[PDB]
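Encoded as structure tokens, the following chain is the form deposited in one PDB entry, with no partner shown.
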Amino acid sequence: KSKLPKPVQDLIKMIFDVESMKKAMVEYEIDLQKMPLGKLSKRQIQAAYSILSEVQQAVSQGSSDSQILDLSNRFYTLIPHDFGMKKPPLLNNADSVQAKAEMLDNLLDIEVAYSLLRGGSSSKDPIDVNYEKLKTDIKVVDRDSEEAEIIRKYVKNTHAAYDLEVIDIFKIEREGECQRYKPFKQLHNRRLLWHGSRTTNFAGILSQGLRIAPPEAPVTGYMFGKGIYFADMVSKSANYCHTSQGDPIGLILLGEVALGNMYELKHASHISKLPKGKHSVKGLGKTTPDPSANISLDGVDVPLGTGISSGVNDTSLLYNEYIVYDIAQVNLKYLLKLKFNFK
């Protein structure tokens, strides 16, 4: 049996849960006979990304439907689906490419999880064995600490279709992140920010850290180009947990992010290089946390102030977001297990 505290053991169970992996592939309508969970290829996913990028290129120009259909067909030939009574949906627009790209993102992290879970060598509990494979130190933050109270206040005030309840707070330290982050600790404007993702991605996120979309992947849906995205509103990030009322539990990260000088934008702009002297993008929202209630936690700004009007004139965004284009600018500090109370 395992030496780990019960919440840590349950975290390990939920992120390595194989039923959840197969359930995800079934909901994507993947043919599990043609492409089993155990036979996912990073190389196969890579090629699929490029097909999707070519599809998006064709769509953007305006191309022969015969060309769009041959590309769309090439994708489903590479990634095998079983749509039952229906015909495969034609990949001929932006929303459709994005959905399939976001599905590839998820499949890659599932492959990382299943690879971790299958690999390795008797005396130890499988919970402990699989814990160590995350290369991440995970401690339970006590409910009656200033840390947990600051964090719980952050969840209450920046929650603006569900109520949010914090079940467990874990303090986390990924191997190598301390060293990788240390130069960026010199930048001013360090902020504690939210980052949400599906539960089936968290074995990948913890072993590899938050990553940037590969260049093969379509840029569709990335308002500010390929980067790592964060919110100062727990609601905005919690939507990326994709939590179903079937299983109303999600996982969400708090990261220390070294923003430096922010390139502040009101509208979509696919970034490929920041201006000199800029180290992050800030998307400006209609609503921002009240800056008078900014508090500090271990030298990092926590923007937990309740939502007020920002006064930004012509904004496309309801809330702020923050993007960095270097993976070393992120120091993952906490992992929250959240209960979504839908109402």
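Position 1 is the first residue in the sequence shown; the rest follow in order. In this text, rigid core is short for the largest set of C-alphas that superpose within 1.5 Å between two forms.
In the deposited sequence, the stretch from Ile249 to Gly250 has no residues without coordinates, so the chain runs on without a break. Going from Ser121 to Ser122, the model skips 1 to 3 deposited residues, which lack coordinates. The question of which stretch, 84 to 92 or 132 to 140, has the higher mean Cα B factor is settled in favour of 84 to 92. Once the C-alpha B-factors are averaged per stretch, 71 to 79 and 97 to 105 rank with 71 to 79 first. In the deposited coordinates, the residue among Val26, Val281, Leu284, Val300 with the greatest CA B-factor is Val300. Of the candidates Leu210, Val257, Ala160, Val112, the one whose C-alpha carries the top B factor in the deposited record is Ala160. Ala217 sits in the middle third of its chain by CA B factor, as recorded in the PDB entry. Ranked within its chain, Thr200 lands in the lowest third, by CA B factor from the PDB record. Looking at the C-alpha B-factors along this chain, the one for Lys1 belongs to the highest third. In the PDB entry, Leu192 places in the lowest third of its chain by CA B-factor. Annotation for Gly227: CA B-factor lies in the lowest third of the chain's modelled residues.
The discussion below concerns the form deposited in another entry, not included here.
With the core fitted between this form and the one not shown, just one of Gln67, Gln46, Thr306, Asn294 shows a Cα displacement of at least 2 Å, namely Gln67.
Put the two forms on the same core and the Cα of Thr220 is off by 2 Å or more between this form and the one not shown.
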